[PDB]
Amino acid sequence: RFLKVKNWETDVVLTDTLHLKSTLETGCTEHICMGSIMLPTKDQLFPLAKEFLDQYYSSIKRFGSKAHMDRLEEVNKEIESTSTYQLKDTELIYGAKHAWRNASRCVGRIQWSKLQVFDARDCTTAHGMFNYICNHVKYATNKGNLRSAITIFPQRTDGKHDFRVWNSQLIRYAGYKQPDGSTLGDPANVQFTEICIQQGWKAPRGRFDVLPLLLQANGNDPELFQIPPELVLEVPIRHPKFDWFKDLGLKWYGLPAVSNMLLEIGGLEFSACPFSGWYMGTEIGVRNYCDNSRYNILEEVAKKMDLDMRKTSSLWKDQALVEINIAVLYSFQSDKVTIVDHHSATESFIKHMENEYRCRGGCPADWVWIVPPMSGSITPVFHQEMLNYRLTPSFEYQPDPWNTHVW
Amino acid sequence: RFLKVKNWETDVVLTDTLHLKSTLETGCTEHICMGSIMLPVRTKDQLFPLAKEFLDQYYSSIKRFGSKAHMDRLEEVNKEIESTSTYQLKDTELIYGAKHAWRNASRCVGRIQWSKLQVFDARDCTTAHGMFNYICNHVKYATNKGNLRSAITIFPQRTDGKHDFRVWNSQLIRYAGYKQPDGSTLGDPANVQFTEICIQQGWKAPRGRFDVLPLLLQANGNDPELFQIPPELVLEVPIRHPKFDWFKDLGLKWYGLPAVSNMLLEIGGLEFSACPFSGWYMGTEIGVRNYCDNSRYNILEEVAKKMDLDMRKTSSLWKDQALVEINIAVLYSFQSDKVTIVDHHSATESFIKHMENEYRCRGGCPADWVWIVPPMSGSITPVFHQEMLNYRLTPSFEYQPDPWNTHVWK
Ligand code: HEM
Ligand code: HEM
Ligand SMILES: Cc1cc(N)nc(C[C@@H]2CNC[C@@H]2NCCNCCc2cccc(F)c2)c1
Ligand SMILES: Cc1cc(N)nc(C[C@@H]2CNC[C@@H]2NCCNCCc2cccc(F)c2)c1
Ligand SMILES: C[C@H](O)[C@H](O)[C@H]1CNc2nc(N)[nH]c(=O)c2N1
Ligand SMILES: C[C@H](O)[C@H](O)[C@H]1CNc2nc(N)[nH]c(=O)c2N1
Ligand SMILES: [Zn+2]
């Protein structure tokens with residue numbers, strides 16, 4: 001019931017006790033491991049509220065104090081009478097920071113306590129949502145010196161009045177299918193790009209068209225808004241050694257800002273809660289650029305490198321992969337836009353893991369997601385055993401809202 | 001139940017029904033996933049069920065479930081167990097058993113090859129000397145002058161657990177490791193402990209960087225004995241780079257035959273504690289893990305130094321660049337010498353084809369994503385994007401602890 005975790009490179013062994021505080025289900029059983037699967041009332045709410053407030057009061061070291069008991073009473077009163085309750089500002093900030101702390105798939109958690117929370121619970125309209133999001137985008141970007149932030153819109157009520165950002169990220173590039181049969185721009189966003197057209201967006205029809213926001217307030221039909229172009233920081237991609245690299249026409253945006261997840265704090269559900277940090281280079285250079293279902297540029301780059309593409313065993317894909325990612329990193333760095341490489345990020349995560357074991361009794365971690373999609377075993381996370389379990393407050397994936405909406 | 005797996009690159013969805021025949025436990029619970037944890041004498045009572053289950057599978061695979069041959073064999077085995085407390089596999093059953101243990105091995109990307117396995121029955125073996133001879137023959141047969149052939153040699157099964165046959169080497173061919181008084185290691189640091197045991201047992205160590213270890217062989221629960229594999233049987237490949245002429249001067253070589261010798265083979269509830277098996281390498285096992293792990297030969301710095309890369313910051317990706325060059329060299333060197341090897345693109349692509357076939361014809365293919373994804377260039381291989389379900393089928397290969405921890409010295 002107490003579990004050990006071993007690092008096979010350093011022999012360091014850590015004991016996990018935090019896992020006994022998990023409640024939610026993994027999807028695994030005693031017979032089947034689903035570790036690699038991407039998606040594995042009033043009576044219900046008060047145990048959730050209590051559990052959260054207990055840990056909150058424990059963290060500020062007022063557990064079992066009069067203020068603790070008073071608050072548990074106050075929330076109990078409010079649930080019984082309204083069927084929900086409102087978080088205090090202090091509880092909101094704590095909850096959001098801990099949802100990040102608990103995100104087992106996030107390599108960047110050393111930073112968890114440095115998170116700027118924007119309380120947008122007073123928002124009532126899509127226009128209001130747009131304003132809050134522009135202010136988030138500008139604060140977080142900080143002229144290239146990126147700062148982690150979350151903006152939190154009003155909580156679910158009866159679930160017929162949900163706030164949602166329809167984009168999966170605040171900033172993404174459009175995707176268009178061509179009479180050609182191919183795809184122009186980002187193939188990931190073809191479906192969403194069509195929905196934007198169907199609501200009236202005028203697409204430049206380019207390879208890198210920043211999508212408009214589709215914001216839904218109060219369960220209403222979503223509305224289109226364009227982010228001011230001067231708020232969207234982008235980086236043209238060049239290579240420090242290869243002159244020709246620039247002419248591939250590549251760029252990426254500086255701000256990764258996930259907007260499709262659901263924040264749960266103390267049993268309350270925040271269905272629109274865009275958050276942002278800064279990129280690890282591989283996210284762009286390995287995944288966005290080289291996934292076959294994405295911009296898929298390996299073939300074009302290898303050709304410009306004059307590599308022999310006749311057989312897989314020349315590792316031409318692998319050589320091109322490295323150079324692409326060198327370029328991504330160099331370009332961000334030259335432009336003073338925060339980026340972290342996979343060596344540095346994973347090293348910091350090991351240090352974070354050791355702090356969390358020492359000071360909290362464990363750290364939930366999803367090895368499948370923590371190990372970078374290139375050079376896995378030359379990063380220290382590869383050799384690190386990790387236990388994966390679900391703690392609250394949490395971020396959860398939620399389905400693309402267009403499937404689950406009436407007009 | 002029907003469980004779905006999706007490939008996020010192709011949107012191909014597959015349905016697993018085979019997991020319903022899984023008995024053994026994963027280490028995982030509804031509350032905790034131990035998917036990245038490396039390590040997550042019977043009774044008559046349990047033995048006949050295990051036998052029956054195995055023989056039922058065997059007979060149904062040969063399209064004879066329920067036949068008189070089937071019913072008679074069940075009866076024969078039952079009686080043998082009741083009377084002798086164990087039983088002996090027929091040759092046909094051993095072969096089937098060993099092939100399926102490989103077929104069931106979740107962590108093996110090489111499984112498209114499962115049905116082509118040469119089984120050597122070494123159940124008549126009685127002494128360490130006999131074990132040595134069997135192993136030499138395996139090495140020579142499997143090596144096949146560089147045209148590698150998969151094989152397994154199966155020594156007598158466990159009886160009371162007091163008379164186990166064991167190969168003390170973790171692989172038949174490995175390089176010695178020598179911890180120096182200044183804290184440095186010469187040769188393979190993974191093998192320091194075993195090297196020290198060999199030396200204690202009387203091995204005279206060459207004390208170089210690539211000394212092939214002697215075999216330490218335990219027969220019938222006796223103290224193990226040392227044997228040197230004839231050097232002309234140990235095929236090796238000096239590593240060079242197609243473009244970089246200085247690469248040879250690093251003095252690297254590797255052996256051609258990967259031959260795992262420390263695992264336990266379970267068939268029909270019988271335990272084969274000595275069952276060395278072998279195939280051929282995927283390049284990354286050598287170029288990524290053996291050469292570039294910090295706890296192993298650790299050559300990244302020296303290679304990047306010779307490539308004159310910018311080494312002052314990790315963000316230049318000097319480690320990644322040198323990693324790719326080292327792995328090009330390994331594949332190039334094996335190919336040039338006509339020693340079978342497979343690159344990680346070809347290997348993973350074949351594995352996806354294998355896996356899809358296995359779903360169609362078997363109802364599933366248990367696979368451990370943590371191990372199946374190669375340790376470089378993960379997401380540019382098709383397996384990265386492939387959802388997998390990990391569960392335990394028997395016959396199986398199991399890790400067992402190193403015998404020097406458990407062995408009682410006579
Ligand atoms: C500060 C720098 C940050 C870095 C370097 C970072 C890095 C990463 C990486 C590399 C992943 C893997 C996901 C992928 O590859 O798509 C990830 C996932 C995730 N991150 Fe972090 N992150 C950062 C900030 C944050 C912040 C501020 C939050 C919350 C406030 C957060 C929460 C999450 C969550 C919930 C996931 C899983 C996302 C999903 O399931 O799609 N991250 N992060
Ligand atoms: C024929 C070519 C083969 C290739 C290319 C191949 C490839 C691999 C690779 C890359 C691994 C991961 C283990 C590691 O990286 O250390 C592995 C593991 C494994 N393989 Fe295969 N393999 C082959 C043949 C075989 C054969 C013949 C058997 C048994 C008859 C086998 C059974 C296993 C088992 C039991 C594991 C897990 C090992 C452990 O837990 O340490 N493989 N294989
Ligand atoms: C199906 C599904 C489930 C799930 N949980 N998720 C997804 C989005 C996928 C995951 N992986 C690629 C893509 N998500 C792409 C961007 N994710 C960046 C995470 C991040 C990084 C740095 C800073 C941040 F604030 C946030 C899909
Ligand atoms: C702790 C622990 C548990 C476990 N199950 N296992 C280990 C051996 C580790 C796995 N990973 C590195 C090292 N084993 C290296 C040898 N693996 C060869 C697999 C192979 C390849 C080609 C053909 C074959 F026949 C067999 C350690
Ligand atoms: C099927 C598999 O789980 C899937 O491809 C995962 C693997 N690891 C990942 N890791 C990260 N960081 N992000 C991802 O999107 C994925 N995808
Ligand atoms: C901690 C982690 O499970 C461990 O390092 C695993 C990861 N994946 C692996 N994959 C393979 N093929 N071989 C290994 O030795 C390992 N090691
Ligand atoms: Zn699991």
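Residue numbers begin at 1 in each chain, while the letters A, B, ... track the order of the sequences. One-based numbering, in listed order, for ligands and for the atoms of each. The figures here come from the full heavy-atom set of this structure, side chains too, leaving out hydrogens, waters and symmetry mates.
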Shortest protein contact, atom 22 (C) of ligand 4 (heavy atom only):
B:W280 O, 3.3 Å

Numbering as shown, the atoms of ligand 4 that approach A:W8 to under 4.0 Å (heavy-atom distance)
1 (C)

Can you tell me how the ring of B:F120 sits relative to the ring of B:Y141, calling it parallel under 30°, perpendicular over 60° and tilted otherwise?
perpendicular

Starting from atom 21 (C) of ligand 4, which protein heavy atom do you reach first, and at what distance in Å?
B:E285 OE1, 3.2 Å

Quick one: does any side-chain atom of B:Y297 pair with a main-chain N or O of B:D188 as donor and acceptor, under 3.5 Å?
yes

N/O donor-acceptor pair under 3.5 Å between A:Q111 side chain and A:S148 backbone
no

Sub-3.5 Å pairs, protein N or O with ligand 5 N or O:
residue  : atom   : partner : partner atom : Å
ligand 5 : 3 (O)  : A:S36   : O            : 2.7
ligand 5 : 5 (O)  : B:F384  : O            : 2.7
ligand 5 : 8 (N)  : A:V368  : O            : 3.1
ligand 5 : 12 (N) : A:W369  : O            : 3.1
ligand 5 : 15 (O) : A:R287  : NH1          : 3.3

Here the atoms of ligand 4 under 4.0 Å from any heavy atom belonging to B:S278 are 25 (F)

Which is closest to atom 23 (C) of ligand 4 in terms of heavy atoms, B:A151, B:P375, B:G279, B:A142?
B:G279

Which residue holds the protein heavy atom closest to atom 16 (C) of ligand 4, what is that atom called, and what is the gap in Å?
B:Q171 OE1, 3.4 Å

Might you check, step by step, whether the distance between atom 1 (C) of ligand 4 and some protein heavy atom is under 4.0 Å?
yes

Starting from atom 4 (C) of ligand 4, find the nearest protein heavy-atom neighbour and note its residue, name and distance.
B:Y399 CD1, 3.5 Å

Run the salt bridge (charged side-chain N to carboxylate O under 4.0 Å, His left out) test against B:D164 and tell me which residues pass, sequence neighbours left out.
B:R158

Starting from atom 17 (N) of ligand 4, which protein heavy atom do you reach first, and at what distance in Å?
B:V260 CG2, 4.0 Å

Is the number of heavy atoms from other residues, nucleotides or ligands under 6.0 Å of B:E349 CD greater than 12?
no

Tell me which protein heavy atom sits closest to atom 10 (C) of ligand 4, plus the residue, atom name and distance to 0.1 Å.
B:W371 CH2, 3.3 Å

For atom 27 (C) of ligand 4, what is the nearest protein heavy atom, given as residue, atom name and distance?
B:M38 CE, 3.9 Å

Mark yes or no for whether B:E387, through its side chain, and B:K6, through its backbone, hold a donor-acceptor pair below 3.5 Å.
yes

So A:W252 and A:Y173, would you call those rings parallel, tilted or perpendicular, with 30° and 60° as cut-offs?
perpendicular

Could you walk me through whether B:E356 and B:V12 pass side chain to side chain contact (heavy atoms under 4.5 Å, CB included), step by step?
CA-CA 10 Å; B:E356 295 181 342; B:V12 170; 4.2 Å; yes

Atom 5 (N) of ligand 4: the protein heavy-atom neighbour that sits closest, reported with distance to 0.1 Å:
B:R107 NH1, 3.6 Å

Would you kindly specify which portion of B:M282 sits under 4.0 Å from ligand 4, judged on non-hydrogen atoms: side chain, backbone, both or neither?
neither

